[PDB]
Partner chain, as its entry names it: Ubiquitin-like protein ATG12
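Let's start with one chain on its own, the form solved without the partner chain, as structure tokens.
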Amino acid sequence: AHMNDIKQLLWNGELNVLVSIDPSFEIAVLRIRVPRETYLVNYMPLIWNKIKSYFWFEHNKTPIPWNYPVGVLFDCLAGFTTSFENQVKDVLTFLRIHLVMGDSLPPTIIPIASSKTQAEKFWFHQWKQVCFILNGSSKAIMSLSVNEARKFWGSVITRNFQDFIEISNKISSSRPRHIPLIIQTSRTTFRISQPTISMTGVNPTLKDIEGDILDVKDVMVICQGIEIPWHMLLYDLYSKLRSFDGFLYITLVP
């Protein structure tokens, strides 16, 4: 009952996003709501529509990838203990990103293809890999019907929680062989790591993998925008706070 509640709360995740438009293109500064569990490019059509008056996104002059869940980007671009109740009055939590245009594409990020097919294909192939990690093969996801594969992604676009849960569970590993975990530092020196954590014969706690987390370089473990106790079980953590792309993301913050 609680895993469902937890997942619903994650699906409801939503952020105030300030989209600063590059003069080169209140139309200069868009204010939109974007869920944590989705990609920024899924909202490009909404951004273009508003400004009927290459390109990529940037945070504080640094190009940002689009292939990470918005919530994950937020965790590493916005640098918690403070409850809403004890929070100073009227603190505005938001993400400011810039839509810029240029002659040459920034070298470190996958370019935005603006084809409406790019995001879905990437995301689906990635779940195929997450399935490989969890089960040892992509059988479960490849066994989905064509209708189901399309509806799986459709749920991300329309926010259909029921469909996303039905399909993500179908393909989700009874007991993972390994945990699909990604550890990263703040993007404001950036380090990212995908450690190999086996579940065979063990039941690791966050503290148990302290070695891996620390290899990425006094630090607070943030997952889904919240602090996680070092004694929580990895599997539990993954099964509950993994993002809409199948990966569990941990962000290290001071």
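Numbering follows the first chain given and starts at 1.
The next section is about a form of this same protein that is not shown, the form deposited with the partner chain bound.
Annotated contacts: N67, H178 and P195 all touch the partner chain in the deposited complex [non-hydrogen atom within 4.5 angstroms]. The closest non-hydrogen atom of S174 lies beyond 4.5 Å of the partner chain in the deposited complex. Although the partner is absent here, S143 sits far enough away that none of its heavy atoms falls within 4.5 Å of the partner chain in the deposited complex. A residue is said to contact a partner when one of its heavy atoms sits within 4.5 Å of a partner heavy atom; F122 meets this definition for the partner chain in the deposited complex. Among heavy atoms of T108, some come within 4.5 Å of the partner chain in the deposited complex. With the partner omitted from this view, the residue of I167, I133, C76, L99 that lies near the partner chain in the deposited complex is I133 [heavy atom within 4.5 Å].
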